[PDB]
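Participant: Pasting in a structure now, in structure tokens, and then I'll have a few things to ask.
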DNA sequence: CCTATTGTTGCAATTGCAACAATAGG
DNA sequence: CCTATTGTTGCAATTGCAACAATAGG
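Residue numbers (the authors' numbering), protein chains in the order written: chain B, 1 to 150; chain A, 1 to 150.
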């Protein structure tokens, strides 16, 4: 069985570090861009749903989202039928940053996917989607506190 | 073209968070285990070379390597020919941790590579190798300070 | 002498395990 | 009432852009 955890970890460290440095121009912090991007596509969704689809810690997302709302990029309004859910909507400062973030994310994507044909990227989109699903259960299994057996 | 950066970010966050909590029992910090894995297999390596292979910040490294030596997990040695380079070697408690660490990583890799035939993982190893190489230039590009033009 | 390497700290922010809250929804 | 959901703070870290120092190797 050949390792894959290493390269995927390397590739993510680079792409995230590039995005952090480039987005510091737009005053976005270390990991704050992954939230607003997802919040802009799915308007009004909840911390717990983002925590699930993004696979980050809940407390880490809580304070990181507190700044995006403090610094005026998103707004957390509540629903009349739910006293606990906080529906996270983007502001006009956030709606204008989304087309720019898509360009850095897409240009970094084109640099990373340089050399692949249209069929090769789909074979890689499917392979990564499968790996993302295979690891989803064990992430919450360890996140809850349960001990793995190996 | 389709997007690949998003899934790669999710997979690397989950695999890292799983490894962090499970290596917390072995008194390794938030991201310290990635260094010791490489130092054990590359004895006499320098901190700068690790920064290049792992694609993490140089300041993030140096501060983290300090704890690795401060907590007796590795050792910083000086050479005769070079008063600038610090050849990094693991301690004895560092060597005994290596077969355990590549046992959790090995199993996390098997969970991630679930349902792939032996050929499908090679088509994935070779694919991720290019993506790692394709992004190698642009990361040091931005890290050094030069602005990127789309 | 000169420039790229190799390596460290000053703030200042993020990160995340506990540990604790409070509603949802039976 | 009960339990899963959803959420925030306490606090001790790591993390990272500046701003530095110091030898390597011409």
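Using N, Cα and C, we set each Cβ at its ideal position, and we do this for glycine too.
Does any residue of chain B bring its CB to less than 8 Å from the CB of residue 22 of chain A?
Facilitator: Walking along the second chain from the start, residue 22 of chain A turns up at place 22. Residue 22 of chain A counts as touching chain B.
Participant: Suppose only complete runs of 3+ residues qualify. What are the beta strand (DSSP E) ranges in the stretch 42-89 of chain A, listed by chain order?
Facilitator: 74-78
Participant: Give me the subset of the stretch 92-124 of chain A whose CB atoms are less than 8 Å from a CB atom of chain B, sorted by chain position.
Facilitator: 103, 104, 105, 106, 107, 108, 109, 110, 111, 112, 113, 114, 115, 116, 120, 121, 122, 123 and 124
Participant: Starting from residue 7 of chain A, find everything on chain B with Cβ-Cβ shorter than 7 Å and list it in chain order.
Facilitator: Sequence index remark: in the second chain, residue 7 of chain A carries index 7 (1-based). By Cβ distance, chain B contributes 128, 129 and 132.
Participant: In whole angstroms, give me the CA-to-CA distance for residue 115 of chain B and residue 82 of chain B.
Facilitator: Here residue 115 of chain B refers to the residue found at position 115 when the first chain is read from its first residue. Here residue 82 of chain B refers to the residue found at position 82 when the first chain is read from its first residue. C-alpha separation (whole angstroms): 49 Å.
Participant: Which residues of the stretch 52-69 of chain A have a Cβ closer than 8 Å to any Cβ of chain B? Give them in chain order.
Facilitator: Against chain B - using a Cβ distance shorter than 8 Å - the residues of the stretch 52-69 of chain A are 53, 54, 55, 56 and 57.
Participant: Inspect the beta-carbon positions of residue 4 of chain A and residue 5 of chain B and report whether they are closer than 8 Å.
Facilitator: By one-based count along the second chain, residue 4 of chain A stands at place 4. By one-based count along the first chain, residue 5 of chain B stands at place 5. It is not a contact, given that the beta carbons lie outside the stated cut-off.
Participant: When you compare only the Cα positions, how much space is there between residue 118 of chain B and residue 53 of chain B?
Facilitator: Here residue 118 of chain B corresponds to residue number 118 of the first chain, with the count starting at 1. Here residue 53 of chain B corresponds to residue number 53 of the first chain, with the count starting at 1. Spanning the two alpha carbons is a distance of roughly 26 Å.
Participant: Let me see if you follow: with CB-CB separation under 8 Å, is residue 2 of chain A close to chain B or not?
Facilitator: Taking the first residue of the second chain as 1, we reach residue 2 of chain A at position 2. By this cut-off, residue 2 of chain A is an interface position.
Participant: Using beta carbons (cut-off 8 Å, strictly below), is residue 143 of chain A in contact with chain B?
Facilitator: For the purposes of this step, residue 143 of chain A is identified with residue 143 of the second chain, where counting begins at 1. Interface residue, yes.
Participant: Kindly provide the ranges of any alpha helix (DSSP H) runs that are 4 or more residues long and lie completely inside the stretch 118-147 of chain B, ordered along the chain.
Facilitator: 118-134 and 136-144
Participant: Who are the neighbours of residue 29 of chain A on chain B, taking C-beta pairs under 7 Å?
Facilitator: In the second chain, counting from the first residue as 1, residue 29 of chain A sits at position 29. Per Cβ cutoff of 7 Å: no residues; residue 29 of chain A is ~15 Å from chain B at best.
Participant: Check this for me: beta carbons of residue 87 of chain A and residue 145 of chain A, under 8 Å apart or not?
Facilitator: Along the second chain, read from residue 1 onward, the residue named residue 87 of chain A stands at position 87. Along the second chain, read from residue 1 onward, the residue named residue 145 of chain A stands at position 145. Result no, Cβ atoms of residue 87 of chain A and residue 145 of chain A do not sit closer than 8 Å.
Participant: Which residues, taken in chain order from the stretch 76-88 of chain B, show a beta carbon closer than 7 Å to some beta carbon of chain A?
Facilitator: For the stretch 76-88 of chain B, which is checked against every Cβ of chain A, not one residue is closer than 7 Å.
Participant: Please report the straight-line C-alpha distance between residue 84 of chain A and residue 103 of chain A, rounded to a whole angstrom.
Facilitator: Position 84 of the second chain holds residue 84 of chain A. Position 103 of the second chain holds residue 103 of chain A. Distance between the alpha carbons of residue 84 of chain A and residue 103 of chain A: 35 Å.
Participant: If you count every other CB in all the chains shown that lies within 10 Å of the CB of residue 19 of chain A, and 16 or more means buried, which is it?
Facilitator: In the second chain, residue 19 of chain A corresponds to position 19, counting from 1. Looking at its Cβ environment, which holds 16 or more other Cβ atoms inside 10 Å, residue 19 of chain A is buried.
Participant: Would residue 91 of chain B pass as a contact of residue 65 of chain B if the rule is Cβ separation under 8 Å?
Facilitator: Within the first chain, numbered from 1, the residue matching residue 91 of chain B stands at position 91. Within the first chain, numbered from 1, the residue matching residue 65 of chain B stands at position 65. Going by C-beta atoms, residue 91 of chain B is not nearer than 8 Å to residue 65 of chain B.
Participant: Candidates A/2, A/40 and A/30: which alpha carbon is nearest residue 96 of chain A's?
Facilitator: The residue given as residue 96 of chain A occupies position 96 in the second chain. Measuring C-alpha to C-alpha distances from residue 96 of chain A to each of A/2, A/40 and A/30 identifies A/40 as the nearest.
Participant: Tell me where the alpha helix (DSSP H) around residue 20 of chain A begins and ends.
Facilitator: Here the question's residue 20 of chain A lines up with position 20 in the second chain. Per DSSP, residue 20 of chain A belongs to the alpha helix (DSSP H) from 5-23.
Participant: Please go through the same chain and pick out, in chain order, the residues whose beta-carbon is closer than 7 Å to the beta-carbon of residue 34 of chain B, but skip the five residues on each side of it.
Facilitator: As a working mapping, residue 34 of chain B is identified with position 34 in the first chain. Once the five neighbours on either side are set aside, the close Cβ partners of residue 34 of chain B are 54.
Participant: Which chain B residues sit within Cβ distance under 7 Å of residue 26 of chain A?
Facilitator: Position 26 of the second chain holds residue 26 of chain A. Simply none; closest approach about 14 Å.
Participant: With 16 as the cutoff for other CB atoms within 10 Å, does residue 63 of chain B come out buried or exposed?
Facilitator: The residue you call residue 63 of chain B lines up with position 63 of the first chain. By the neighbour-count rule (16 or more Cβ atoms within 10 Å), residue 63 of chain B is not buried but exposed.
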